[PDB]
Structures are given as structure tokens and as C-alpha cells.
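Coordinates as given in run_23.pdb (PDB, N, CA, C and O atoms):
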```pdb
ATOM      1  N   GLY I   1      13.001 -31.459  25.023
ATOM      2  CA  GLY I   1      12.447 -30.072  25.075
ATOM      3  C   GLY I   1      11.018 -30.005  24.581
ATOM      4  O   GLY I   1      10.528 -30.950  23.957
ATOM      5  N   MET I   2      10.340 -28.901  24.905
ATOM      6  CA  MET I   2       8.997 -28.645  24.419
ATOM      7  C   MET I   2       8.735 -27.155  24.234
ATOM      8  O   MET I   2       9.297 -26.318  24.947
ATOM      9  N   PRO I   3       7.847 -26.814  23.301
ATOM     10  CA  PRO I   3       7.468 -25.428  23.088
ATOM     11  C   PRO I   3       6.384 -24.994  24.055
ATOM     12  O   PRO I   3       5.448 -25.758  24.307
ATOM     13  N   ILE I   4       6.523 -23.788  24.602
ATOM     14  CA  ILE I   4       5.419 -23.105  25.268
ATOM     15  C   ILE I   4       5.335 -21.693  24.727
ATOM     16  O   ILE I   4       6.266 -21.207  24.079
ATOM     17  N   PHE I   5       4.206 -21.038  24.981
ATOM     18  CA  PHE I   5       3.970 -19.683  24.512
ATOM     19  C   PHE I   5       3.731 -18.756  25.678
ATOM     20  O   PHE I   5       3.229 -19.191  26.720
ATOM     21  N   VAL I   6       4.141 -17.502  25.499
ATOM     22  CA  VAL I   6       3.842 -16.444  26.453
ATOM     23  C   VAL I   6       3.081 -15.367  25.720
ATOM     24  O   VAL I   6       3.598 -14.791  24.769
ATOM     25  N   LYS I   7       1.845 -15.128  26.149
ATOM     26  CA  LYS I   7       0.938 -14.183  25.502
ATOM     27  C   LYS I   7       0.845 -12.920  26.326
ATOM     28  O   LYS I   7       0.745 -13.010  27.555
ATOM     29  N   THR I   8       0.841 -11.767  25.658
ATOM     30  CA  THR I   8       0.656 -10.466  26.314
ATOM     31  C   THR I   8      -0.585  -9.763  25.797
ATOM     32  O   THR I   8      -1.153 -10.135  24.752
ATOM     33  N   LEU I   9      -0.999  -8.720  26.508
ATOM     34  CA  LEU I   9      -2.221  -8.037  26.119
ATOM     35  C   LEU I   9      -2.114  -7.299  24.797
ATOM     36  O   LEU I   9      -3.144  -7.014  24.196
ATOM     37  N   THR I  10      -0.895  -7.041  24.323
ATOM     38  CA  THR I  10      -0.707  -6.416  23.003
ATOM     39  C   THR I  10      -0.866  -7.374  21.820
ATOM     40  O   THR I  10      -0.905  -6.917  20.685
ATOM     41  N   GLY I  11      -0.888  -8.682  22.076
ATOM     42  CA  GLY I  11      -0.865  -9.691  21.017
ATOM     43  C   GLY I  11       0.517 -10.015  20.492
ATOM     44  O   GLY I  11       0.652 -10.868  19.604
ATOM     45  N   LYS I  12       1.551  -9.364  21.029
ATOM     46  CA  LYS I  12       2.931  -9.664  20.641
ATOM     47  C   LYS I  12       3.420 -10.748  21.580
ATOM     48  O   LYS I  12       3.771 -10.478  22.729
ATOM     49  N   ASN I  13       3.426 -11.969  21.076
ATOM     50  CA  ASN I  13       3.627 -13.153  21.908
ATOM     51  C   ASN I  13       4.994 -13.754  21.659
ATOM     52  O   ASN I  13       5.636 -13.469  20.646
ATOM     53  N   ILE I  14       5.410 -14.609  22.583
ATOM     54  CA  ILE I  14       6.734 -15.225  22.606
ATOM     55  C   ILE I  14       6.567 -16.746  22.530
ATOM     56  O   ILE I  14       5.713 -17.303  23.219
ATOM     57  N   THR I  15       7.402 -17.414  21.739
ATOM     58  CA  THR I  15       7.576 -18.858  21.821
ATOM     59  C   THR I  15       8.905 -19.182  22.506
ATOM     60  O   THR I  15       9.943 -18.639  22.127
ATOM     61  N   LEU I  16       8.854 -20.062  23.502
ATOM     62  CA  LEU I  16      10.040 -20.534  24.218
ATOM     63  C   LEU I  16      10.217 -22.018  24.031
ATOM     64  O   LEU I  16       9.241 -22.748  23.859
ATOM     65  N   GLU I  17      11.460 -22.483  24.061
ATOM     66  CA  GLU I  17      11.753 -23.897  24.097
ATOM     67  C   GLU I  17      12.252 -24.214  25.484
ATOM     68  O   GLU I  17      13.302 -23.703  25.899
ATOM     69  N   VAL I  18      11.522 -25.065  26.195
ATOM     70  CA  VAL I  18      11.758 -25.302  27.612
ATOM     71  C   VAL I  18      11.764 -26.784  27.931
ATOM     72  O   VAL I  18      11.430 -27.626  27.087
ATOM     73  N   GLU I  19      12.111 -27.103  29.170
ATOM     74  CA  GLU I  19      11.966 -28.445  29.713
ATOM     75  C   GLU I  19      10.954 -28.391  30.858
ATOM     76  O   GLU I  19      10.877 -27.395  31.572
ATOM     77  N   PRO I  20      10.186 -29.469  31.081
ATOM     78  CA  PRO I  20       9.265 -29.473  32.221
ATOM     79  C   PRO I  20       9.935 -29.211  33.567
ATOM     80  O   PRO I  20       9.302 -28.666  34.487
ATOM     81  N   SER I  21      11.202 -29.605  33.671
ATOM     82  CA  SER I  21      11.995 -29.400  34.885
ATOM     83  C   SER I  21      12.548 -27.968  35.049
ATOM     84  O   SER I  21      13.140 -27.660  36.079
ATOM     85  N   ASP I  22      12.384 -27.104  34.045
ATOM     86  CA  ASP I  22      12.818 -25.714  34.162
ATOM     87  C   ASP I  22      12.014 -24.984  35.233
ATOM     88  O   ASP I  22      10.830 -25.259  35.437
ATOM     89  N   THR I  23      12.690 -24.093  35.946
ATOM     90  CA  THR I  23      12.048 -23.296  36.976
ATOM     91  C   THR I  23      11.399 -22.058  36.378
ATOM     92  O   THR I  23      11.713 -21.615  35.276
ATOM     93  N   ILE I  24      10.524 -21.446  37.161
ATOM     94  CA  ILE I  24       9.953 -20.167  36.784
ATOM     95  C   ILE I  24      11.048 -19.102  36.642
ATOM     96  O   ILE I  24      10.983 -18.265  35.727
ATOM     97  N   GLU I  25      12.071 -19.145  37.489
ATOM     98  CA  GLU I  25      13.223 -18.236  37.310
ATOM     99  C   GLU I  25      13.835 -18.335  35.919
ATOM    100  O   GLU I  25      14.211 -17.311  35.344
ATOM    101  N   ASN I  26      13.945 -19.551  35.398
ATOM    102  CA  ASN I  26      14.508 -19.784  34.072
ATOM    103  C   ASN I  26      13.637 -19.107  33.018
ATOM    104  O   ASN I  26      14.113 -18.313  32.179
ATOM    105  N   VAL I  27      12.337 -19.372  33.107
ATOM    106  CA  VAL I  27      11.394 -18.800  32.156
ATOM    107  C   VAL I  27      11.382 -17.281  32.232
ATOM    108  O   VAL I  27      11.417 -16.612  31.202
ATOM    109  N   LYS I  28      11.353 -16.724  33.441
ATOM    110  CA  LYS I  28      11.356 -15.279  33.557
ATOM    111  C   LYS I  28      12.635 -14.656  33.035
ATOM    112  O   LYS I  28      12.599 -13.546  32.501
ATOM    113  N   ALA I  29      13.766 -15.352  33.194
ATOM    114  CA  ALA I  29      15.017 -14.854  32.631
ATOM    115  C   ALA I  29      14.941 -14.795  31.102
ATOM    116  O   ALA I  29      15.437 -13.843  30.481
ATOM    117  N   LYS I  30      14.325 -15.810  30.495
ATOM    118  CA  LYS I  30      14.101 -15.785  29.056
ATOM    119  C   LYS I  30      13.197 -14.645  28.621
ATOM    120  O   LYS I  30      13.465 -13.973  27.622
ATOM    121  N   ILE I  31      12.133 -14.411  29.373
ATOM    122  CA  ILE I  31      11.211 -13.317  29.053
ATOM    123  C   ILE I  31      11.936 -11.972  29.192
ATOM    124  O   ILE I  31      11.735 -11.093  28.359
ATOM    125  N   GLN I  32      12.796 -11.820  30.201
ATOM    126  CA  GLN I  32      13.605 -10.616  30.319
ATOM    127  C   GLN I  32      14.441 -10.380  29.072
ATOM    128  O   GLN I  32      14.483  -9.241  28.591
ATOM    129  N   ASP I  33      15.096 -11.420  28.560
ATOM    130  CA  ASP I  33      15.887 -11.295  27.326
ATOM    131  C   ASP I  33      15.034 -10.864  26.153
ATOM    132  O   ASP I  33      15.472 -10.045  25.330
ATOM    133  N   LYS I  34      13.830 -11.420  26.048
ATOM    134  CA  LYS I  34      12.957 -11.107  24.908
ATOM    135  C   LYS I  34      12.197  -9.809  24.992
ATOM    136  O   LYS I  34      11.896  -9.221  23.951
ATOM    137  N   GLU I  35      11.813  -9.399  26.193
ATOM    138  CA  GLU I  35      10.924  -8.239  26.383
ATOM    139  C   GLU I  35      11.519  -7.098  27.192
ATOM    140  O   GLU I  35      10.943  -6.003  27.210
ATOM    141  N   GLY I  36      12.631  -7.332  27.886
ATOM    142  CA  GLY I  36      13.248  -6.310  28.742
ATOM    143  C   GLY I  36      12.527  -6.016  30.038
ATOM    144  O   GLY I  36      12.747  -4.972  30.647
ATOM    145  N   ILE I  37      11.682  -6.952  30.473
ATOM    146  CA  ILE I  37      10.921  -6.806  31.711
ATOM    147  C   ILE I  37      11.659  -7.573  32.806
ATOM    148  O   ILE I  37      11.832  -8.785  32.678
ATOM    149  N   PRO I  38      12.084  -6.890  33.885
ATOM    150  CA  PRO I  38      12.700  -7.649  34.982
ATOM    151  C   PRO I  38      11.740  -8.681  35.572
ATOM    152  O   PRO I  38      10.541  -8.465  35.567
ATOM    153  N   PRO I  39      12.263  -9.783  36.103
ATOM    154  CA  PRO I  39      11.369 -10.813  36.632
ATOM    155  C   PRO I  39      10.384 -10.356  37.686
ATOM    156  O   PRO I  39       9.243 -10.817  37.697
ATOM    157  N   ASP I  40      10.797  -9.476  38.576
ATOM    158  CA  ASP I  40       9.892  -8.997  39.632
ATOM    159  C   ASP I  40       8.769  -8.084  39.100
ATOM    160  O   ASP I  40       7.839  -7.746  39.848
ATOM    161  N   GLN I  41       8.860  -7.667  37.837
ATOM    162  CA  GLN I  41       7.787  -6.907  37.192
ATOM    163  C   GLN I  41       6.944  -7.764  36.252
ATOM    164  O   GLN I  41       6.013  -7.272  35.605
ATOM    165  N   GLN I  42       7.279  -9.049  36.163
ATOM    166  CA  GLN I  42       6.498 -10.021  35.390
ATOM    167  C   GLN I  42       5.510 -10.730  36.312
ATOM    168  O   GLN I  42       5.912 -11.386  37.287
ATOM    169  N   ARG I  43       4.228 -10.640  35.998
ATOM    170  CA  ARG I  43       3.211 -11.471  36.644
ATOM    171  C   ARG I  43       2.864 -12.525  35.604
ATOM    172  O   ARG I  43       2.187 -12.235  34.615
ATOM    173  N   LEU I  44       3.365 -13.737  35.807
ATOM    174  CA  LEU I  44       3.186 -14.800  34.874
ATOM    175  C   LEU I  44       2.089 -15.714  35.405
ATOM    176  O   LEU I  44       2.105 -16.093  36.593
ATOM    177  N   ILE I  45       1.121 -16.037  34.546
ATOM    178  CA  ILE I  45      -0.091 -16.755  34.957
ATOM    179  C   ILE I  45      -0.338 -17.962  34.046
ATOM    180  O   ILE I  45      -0.217 -17.864  32.827
ATOM    181  N   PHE I  46      -0.668 -19.104  34.643
ATOM    182  CA  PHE I  46      -1.127 -20.267  33.900
ATOM    183  C   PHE I  46      -2.425 -20.718  34.506
ATOM    184  O   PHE I  46      -2.456 -21.125  35.669
ATOM    185  N   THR I  47      -3.496 -20.596  33.726
ATOM    186  CA  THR I  47      -4.813 -21.043  34.107
ATOM    187  C   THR I  47      -5.223 -20.493  35.484
ATOM    188  O   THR I  47      -5.627 -21.236  36.388
ATOM    189  N   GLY I  48      -5.049 -19.196  35.636
ATOM    190  CA  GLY I  48      -5.434 -18.497  36.846
ATOM    191  C   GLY I  48      -4.462 -18.573  38.009
ATOM    192  O   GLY I  48      -4.681 -17.886  39.006
ATOM    193  N   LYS I  49      -3.380 -19.340  37.864
ATOM    194  CA  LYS I  49      -2.384 -19.498  38.924
ATOM    195  C   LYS I  49      -1.179 -18.613  38.651
ATOM    196  O   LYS I  49      -0.550 -18.717  37.578
ATOM    197  N   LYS I  50      -0.832 -17.771  39.620
ATOM    198  CA  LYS I  50       0.392 -16.978  39.573
ATOM    199  C   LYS I  50       1.601 -17.895  39.736
ATOM    200  O   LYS I  50       1.658 -18.690  40.676
ATOM    201  N   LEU I  51       2.550 -17.827  38.804
ATOM    202  CA  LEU I  51       3.693 -18.739  38.818
ATOM    203  C   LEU I  51       4.782 -18.186  39.707
ATOM    204  O   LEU I  51       5.189 -17.046  39.553
ATOM    205  N   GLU I  52       5.251 -19.000  40.644
ATOM    206  CA  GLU I  52       6.169 -18.546  41.680
ATOM    207  C   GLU I  52       7.600 -19.038  41.455
ATOM    208  O   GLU I  52       7.843 -20.160  40.986
ATOM    209  N   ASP I  53       8.557 -18.195  41.823
ATOM    210  CA  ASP I  53       9.957 -18.590  41.799
ATOM    211  C   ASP I  53      10.149 -19.834  42.680
ATOM    212  O   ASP I  53       9.550 -19.957  43.753
ATOM    213  N   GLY I  54      10.973 -20.734  42.189
ATOM    214  CA  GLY I  54      11.328 -21.955  42.895
ATOM    215  C   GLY I  54      10.398 -23.118  42.577
ATOM    216  O   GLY I  54      10.502 -24.188  43.193
ATOM    217  N   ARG I  55       9.490 -22.927  41.619
ATOM    218  CA  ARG I  55       8.623 -23.998  41.134
ATOM    219  C   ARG I  55       9.002 -24.331  39.713
ATOM    220  O   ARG I  55       9.582 -23.499  39.010
ATOM    221  N   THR I  56       8.724 -25.557  39.304
ATOM    222  CA  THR I  56       9.015 -25.978  37.942
ATOM    223  C   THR I  56       7.749 -25.896  37.092
ATOM    224  O   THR I  56       6.633 -25.832  37.587
ATOM    225  N   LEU I  57       7.949 -25.905  35.782
ATOM    226  CA  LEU I  57       6.816 -25.938  34.859
ATOM    227  C   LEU I  57       5.923 -27.155  35.124
ATOM    228  O   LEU I  57       4.698 -27.037  35.121
ATOM    229  N   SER I  58       6.555 -28.308  35.352
ATOM    230  CA  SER I  58       5.872 -29.547  35.714
ATOM    231  C   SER I  58       4.951 -29.398  36.916
ATOM    232  O   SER I  58       3.843 -29.925  36.926
ATOM    233  N   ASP I  59       5.387 -28.654  37.922
ATOM    234  CA  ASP I  59       4.548 -28.393  39.116
ATOM    235  C   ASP I  59       3.191 -27.782  38.794
ATOM    236  O   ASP I  59       2.238 -27.979  39.541
ATOM    237  N   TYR I  60       3.128 -26.995  37.714
ATOM    238  CA  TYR I  60       1.894 -26.363  37.275
ATOM    239  C   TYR I  60       1.190 -27.088  36.122
ATOM    240  O   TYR I  60       0.209 -26.568  35.573
ATOM    241  N   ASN I  61       1.680 -28.275  35.764
ATOM    242  CA  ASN I  61       1.139 -29.067  34.652
ATOM    243  C   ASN I  61       1.204 -28.329  33.323
ATOM    244  O   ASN I  61       0.339 -28.456  32.473
ATOM    245  N   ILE I  62       2.268 -27.555  33.164
ATOM    246  CA  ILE I  62       2.552 -26.864  31.912
ATOM    247  C   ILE I  62       3.169 -27.922  30.989
ATOM    248  O   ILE I  62       4.064 -28.666  31.389
ATOM    249  N   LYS I  63       2.657 -27.986  29.769
ATOM    250  CA  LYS I  63       2.977 -29.094  28.887
ATOM    251  C   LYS I  63       3.151 -28.601  27.455
ATOM    252  O   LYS I  63       3.230 -27.402  27.216
ATOM    253  N   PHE I  64       3.285 -29.537  26.522
ATOM    254  CA  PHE I  64       3.531 -29.193  25.134
ATOM    255  C   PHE I  64       2.486 -28.201  24.619
ATOM    256  O   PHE I  64       1.282 -28.453  24.711
ATOM    257  N   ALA I  65       2.966 -27.080  24.090
ATOM    258  CA  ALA I  65       2.138 -26.044  23.489
ATOM    259  C   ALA I  65       1.205 -25.350  24.476
ATOM    260  O   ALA I  65       0.265 -24.668  24.053
ATOM    261  N   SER I  66       1.502 -25.439  25.777
ATOM    262  CA  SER I  66       0.784 -24.633  26.757
ATOM    263  C   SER I  66       1.067 -23.155  26.574
ATOM    264  O   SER I  66       2.160 -22.754  26.163
ATOM    265  N   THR I  67       0.067 -22.339  26.910
ATOM    266  CA  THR I  67       0.156 -20.878  26.823
ATOM    267  C   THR I  67       0.124 -20.296  28.219
ATOM    268  O   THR I  67      -0.817 -20.567  28.971
ATOM    269  N   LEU I  68       1.169 -19.533  28.543
ATOM    270  CA  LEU I  68       1.231 -18.734  29.746
ATOM    271  C   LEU I  68       0.850 -17.305  29.397
ATOM    272  O   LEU I  68       1.002 -16.890  28.242
ATOM    273  N   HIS I  69       0.342 -16.561  30.380
ATOM    274  CA  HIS I  69      -0.072 -15.186  30.157
ATOM    275  C   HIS I  69       0.802 -14.269  30.992
ATOM    276  O   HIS I  69       0.975 -14.492  32.207
ATOM    277  N   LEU I  70       1.344 -13.248  30.347
ATOM    278  CA  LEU I  70       2.224 -12.289  31.001
ATOM    279  C   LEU I  70       1.512 -10.977  31.158
ATOM    280  O   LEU I  70       1.057 -10.385  30.174
ATOM    281  N   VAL I  71       1.433 -10.520  32.405
ATOM    282  CA  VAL I  71       0.929  -9.207  32.747
ATOM    283  C   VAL I  71       2.140  -8.467  33.328
ATOM    284  O   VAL I  71       2.872  -9.014  34.127
ATOM    285  N   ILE I  72       2.360  -7.225  32.923
ATOM    286  CA  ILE I  72       3.433  -6.410  33.518
ATOM    287  C   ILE I  72       2.861  -5.686  34.731
ATOM    288  O   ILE I  72       1.788  -5.104  34.637
ATOM    289  N   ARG I  73       3.574  -5.726  35.856
ATOM    290  CA  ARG I  73       3.226  -4.913  37.029
ATOM    291  C   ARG I  73       4.493  -4.230  37.511
ATOM    292  O   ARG I  73       5.367  -4.866  38.084
ATOM    293  N   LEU I  74       4.605  -2.934  37.228
ATOM    294  CA  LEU I  74       5.767  -2.157  37.629
ATOM    295  C   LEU I  74       5.770  -1.934  39.132
ATOM    296  O   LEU I  74       4.750  -1.633  39.733
ATOM    297  N   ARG I  75       6.968  -2.088  39.697
ATOM    298  CA  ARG I  75       7.275  -1.751  41.072
ATOM    299  C   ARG I  75       8.791  -1.706  41.103
ATOM    300  O   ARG I  75       9.468  -2.387  40.304
ATOM    301  N   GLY I  76       9.326  -0.905  42.010
ATOM    302  CA  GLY I  76      10.744  -0.651  42.034
ATOM    303  C   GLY I  76      11.139   0.116  40.787
ATOM    304  O   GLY I  76      10.270   0.679  40.097
ATOM    305  N   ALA I  77      12.422   0.079  40.466
ATOM    306  CA  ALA I  77      12.960   0.848  39.347
ATOM    307  C   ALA I  77      12.603   0.248  37.991
ATOM    308  O   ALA I  77      12.435  -0.966  37.851
ATOM    309  N   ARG I  78      12.488   1.114  36.994
ATOM    310  CA  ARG I  78      12.374   0.694  35.602
ATOM    311  C   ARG I  78      13.767   0.765  35.002
ATOM    312  O   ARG I  78      14.502   1.710  35.311
ATOM    313  N   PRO I  79      14.153  -0.210  34.158
ATOM    314  CA  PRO I  79      15.408  -0.087  33.399
ATOM    315  C   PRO I  79      15.398   1.031  32.359
ATOM    316  O   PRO I  79      16.396   1.724  32.174
TER     317      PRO I  79
END
```
Step by step, read the file and then write its structure as C-alpha cells.
Amino acid sequence: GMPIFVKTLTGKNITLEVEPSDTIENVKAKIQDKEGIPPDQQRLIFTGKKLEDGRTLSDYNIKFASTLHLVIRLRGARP
């Protein structure tokens, strides 16, 4: 396993324990548990790249202590 971080514009950030082989779906599911944001309302970014469902962390060269950036974009229903 390895630690990664998810940073938001409020400064209230998340630490996750992940594997390089984990998918973006996995990560977004974790963010949903921590923040209550459905995956389709999460715009997750690593170094300017929008992270897509069906890709792994490894595909984006996300590594030990990498920081991802979370932007919320509402569409569809809010919980």
C-alpha cells in the first residue's frame, strides 16, 4: 500500500491508503465515504489530467505521497 492525498479548495484534505493498481472508481468511492460527494460530482485531477473511471492510479503515475485535487461539480441530484 501507499499514501496519497486529496486536496480541496477549503483546505480540508483527505489521506487515503491505496494501491497503484486501484481504479479511479475505488478512489472516488473512498472520497464519497469521506466527503459525501457522489463520484459523478467529483472532478478529480492529477497534474492537470482529469482522472477517468476505468483507469488505475499507476496509469497516471500517481505514487507515494502524491496529491490529487478534488473539485466539486454538481450535476444531477444532490443527496
If you run DSSP on the backbone here, which positions in chain I get helix (DSSP H, G or I)? Please write them as a short mmCIF file (atom, residue, chain, number, x, y, z; two decimals) with N, CA, C and O atoms, keeping the file's coordinate frame.
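Result file result27.cif:
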```
data_model
loop_
_atom_site.label_atom_id
_atom_site.label_comp_id
_atom_site.auth_asym_id
_atom_site.auth_seq_id
_atom_site.Cartn_x
_atom_site.Cartn_y
_atom_site.Cartn_z
N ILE I 24 10.52 -21.45 37.16
CA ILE I 24 9.95 -20.17 36.78
C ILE I 24 11.05 -19.10 36.64
O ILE I 24 10.98 -18.26 35.73
N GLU I 25 12.07 -19.14 37.49
CA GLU I 25 13.22 -18.24 37.31
C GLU I 25 13.84 -18.34 35.92
O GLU I 25 14.21 -17.31 35.34
N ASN I 26 13.94 -19.55 35.40
CA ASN I 26 14.51 -19.78 34.07
C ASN I 26 13.64 -19.11 33.02
O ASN I 26 14.11 -18.31 32.18
N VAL I 27 12.34 -19.37 33.11
CA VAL I 27 11.39 -18.80 32.16
C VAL I 27 11.38 -17.28 32.23
O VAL I 27 11.42 -16.61 31.20
N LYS I 28 11.35 -16.72 33.44
CA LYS I 28 11.36 -15.28 33.56
C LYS I 28 12.64 -14.66 33.03
O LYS I 28 12.60 -13.55 32.50
N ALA I 29 13.77 -15.35 33.19
CA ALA I 29 15.02 -14.85 32.63
C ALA I 29 14.94 -14.80 31.10
O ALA I 29 15.44 -13.84 30.48
N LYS I 30 14.32 -15.81 30.50
CA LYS I 30 14.10 -15.78 29.06
C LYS I 30 13.20 -14.64 28.62
O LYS I 30 13.46 -13.97 27.62
N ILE I 31 12.13 -14.41 29.37
CA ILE I 31 11.21 -13.32 29.05
C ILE I 31 11.94 -11.97 29.19
O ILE I 31 11.74 -11.09 28.36
N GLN I 32 12.80 -11.82 30.20
CA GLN I 32 13.60 -10.62 30.32
C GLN I 32 14.44 -10.38 29.07
O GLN I 32 14.48 -9.24 28.59
N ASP I 33 15.10 -11.42 28.56
CA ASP I 33 15.89 -11.30 27.33
C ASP I 33 15.03 -10.86 26.15
O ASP I 33 15.47 -10.04 25.33
N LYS I 34 13.83 -11.42 26.05
CA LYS I 34 12.96 -11.11 24.91
C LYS I 34 12.20 -9.81 24.99
O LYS I 34 11.90 -9.22 23.95
N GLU I 35 11.81 -9.40 26.19
CA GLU I 35 10.92 -8.24 26.38
C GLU I 35 11.52 -7.10 27.19
O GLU I 35 10.94 -6.00 27.21
N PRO I 39 12.26 -9.78 36.10
CA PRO I 39 11.37 -10.81 36.63
C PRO I 39 10.38 -10.36 37.69
O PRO I 39 9.24 -10.82 37.70
N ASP I 40 10.80 -9.48 38.58
CA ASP I 40 9.89 -9.00 39.63
C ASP I 40 8.77 -8.08 39.10
O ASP I 40 7.84 -7.75 39.85
N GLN I 41 8.86 -7.67 37.84
CA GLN I 41 7.79 -6.91 37.19
C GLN I 41 6.94 -7.76 36.25
O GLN I 41 6.01 -7.27 35.60
N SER I 58 6.56 -28.31 35.35
CA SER I 58 5.87 -29.55 35.71
C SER I 58 4.95 -29.40 36.92
O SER I 58 3.84 -29.92 36.93
N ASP I 59 5.39 -28.65 37.92
CA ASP I 59 4.55 -28.39 39.12
C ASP I 59 3.19 -27.78 38.79
O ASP I 59 2.24 -27.98 39.54
N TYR I 60 3.13 -27.00 37.71
CA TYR I 60 1.89 -26.36 37.28
C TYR I 60 1.19 -27.09 36.12
O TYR I 60 0.21 -26.57 35.57
#
```
Enumerate, as a short mmCIF file (atom, residue, chain, number, x, y, z; two decimals) with N, CA, C and O atoms, in the coordinates of the input, the residues matched when the PyMOL selection byres ((chain I and resi 38) around 8) is run on the file above.
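This went into result.cif:
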```
data_model
loop_
_atom_site.label_atom_id
_atom_site.label_comp_id
_atom_site.auth_asym_id
_atom_site.auth_seq_id
_atom_site.Cartn_x
_atom_site.Cartn_y
_atom_site.Cartn_z
N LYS I 28 11.35 -16.72 33.44
CA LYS I 28 11.36 -15.28 33.56
C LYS I 28 12.64 -14.66 33.03
O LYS I 28 12.60 -13.55 32.50
N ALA I 29 13.77 -15.35 33.19
CA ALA I 29 15.02 -14.85 32.63
C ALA I 29 14.94 -14.80 31.10
O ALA I 29 15.44 -13.84 30.48
N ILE I 31 12.13 -14.41 29.37
CA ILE I 31 11.21 -13.32 29.05
C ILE I 31 11.94 -11.97 29.19
O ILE I 31 11.74 -11.09 28.36
N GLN I 32 12.80 -11.82 30.20
CA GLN I 32 13.60 -10.62 30.32
C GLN I 32 14.44 -10.38 29.07
O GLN I 32 14.48 -9.24 28.59
N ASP I 33 15.10 -11.42 28.56
CA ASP I 33 15.89 -11.30 27.33
C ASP I 33 15.03 -10.86 26.15
O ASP I 33 15.47 -10.04 25.33
N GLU I 35 11.81 -9.40 26.19
CA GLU I 35 10.92 -8.24 26.38
C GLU I 35 11.52 -7.10 27.19
O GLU I 35 10.94 -6.00 27.21
N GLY I 36 12.63 -7.33 27.89
CA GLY I 36 13.25 -6.31 28.74
C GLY I 36 12.53 -6.02 30.04
O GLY I 36 12.75 -4.97 30.65
N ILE I 37 11.68 -6.95 30.47
CA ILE I 37 10.92 -6.81 31.71
C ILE I 37 11.66 -7.57 32.81
O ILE I 37 11.83 -8.78 32.68
N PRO I 39 12.26 -9.78 36.10
CA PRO I 39 11.37 -10.81 36.63
C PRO I 39 10.38 -10.36 37.69
O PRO I 39 9.24 -10.82 37.70
N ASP I 40 10.80 -9.48 38.58
CA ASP I 40 9.89 -9.00 39.63
C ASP I 40 8.77 -8.08 39.10
O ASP I 40 7.84 -7.75 39.85
N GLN I 41 8.86 -7.67 37.84
CA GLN I 41 7.79 -6.91 37.19
C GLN I 41 6.94 -7.76 36.25
O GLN I 41 6.01 -7.27 35.60
N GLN I 42 7.28 -9.05 36.16
CA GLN I 42 6.50 -10.02 35.39
C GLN I 42 5.51 -10.73 36.31
O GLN I 42 5.91 -11.39 37.29
N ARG I 43 4.23 -10.64 36.00
CA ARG I 43 3.21 -11.47 36.64
C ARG I 43 2.86 -12.52 35.60
O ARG I 43 2.19 -12.24 34.62
N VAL I 71 1.43 -10.52 32.40
CA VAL I 71 0.93 -9.21 32.75
C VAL I 71 2.14 -8.47 33.33
O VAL I 71 2.87 -9.01 34.13
N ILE I 72 2.36 -7.22 32.92
CA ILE I 72 3.43 -6.41 33.52
C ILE I 72 2.86 -5.69 34.73
O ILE I 72 1.79 -5.10 34.64
N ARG I 73 3.57 -5.73 35.86
CA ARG I 73 3.23 -4.91 37.03
C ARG I 73 4.49 -4.23 37.51
O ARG I 73 5.37 -4.87 38.08
N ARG I 75 6.97 -2.09 39.70
CA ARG I 75 7.28 -1.75 41.07
C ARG I 75 8.79 -1.71 41.10
O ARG I 75 9.47 -2.39 40.30
N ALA I 77 12.42 0.08 40.47
CA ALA I 77 12.96 0.85 39.35
C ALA I 77 12.60 0.25 37.99
O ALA I 77 12.44 -0.97 37.85
N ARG I 78 12.49 1.11 36.99
CA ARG I 78 12.37 0.69 35.60
C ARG I 78 13.77 0.76 35.00
O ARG I 78 14.50 1.71 35.31
N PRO I 79 14.15 -0.21 34.16
CA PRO I 79 15.41 -0.09 33.40
C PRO I 79 15.40 1.03 32.36
O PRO I 79 16.40 1.72 32.17
#
```
Find the residues around segment 59-64 of chain I up to 6 Å (all atoms listed in the file counted), leave out those fewer than 3 positions away in its own chain, and share them as a PyMOL selection string. chain I and resi 2-4+20+55-56+67
What's the separation between atom O of residue 16 of chain I and atom O of residue 57 of chain I, in Å to one decimal place?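 Distance between the two atoms: 12.9 Å.
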Between atom N of residue 19 of chain I and atom N of residue 69 of chain I, what is the distance, to one decimal in Å?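 Between atom N of residue 19 of chain I and atom N of residue 69 of chain I the gap works out to 15.8 Å.
Here the question is which of I:68, I:8, I:15, I:1 gets nearest to residue 44 of chain I using all atoms listed in the file, and that residue is I:68.
Distances here use all atoms listed in the file; by that measure, the residue among I:76, I:12, I:30, I:23 closest to residue 53 of chain I is I:23.
Here atom C of residue 18 of chain I and atom N of residue 65 of chain I stand 9.6 Å from one another.
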Find the smallest box with edges along x, y and z containing every listed atom of segment 37-55 of chain I, then add 6 Å on each side and report centre and edge lengths in Å to one decimal, as lines of an AutoDock Vina configuration file.
```
center_x = 3.5
center_y = -15.6
center_z = 37.1
size_x = 30.3
size_y = 29.5
size_z = 25.3
```
Nearest residue to residue 25 of chain I from the set I:11, I:49, I:5, I:54 (distances using only C-alpha atoms): I:54
Which of I:14, I:24, I:70, I:9 sits closest to residue 45 of chain I [using all atoms listed in the file]: I:70
Enumerate the residues of chain I with a DSSP assignment of strand (DSSP E), computed from the backbone, and present them as number ranges by chain. I: 2-7, 14-18, 42-46, 49-50, 67-72
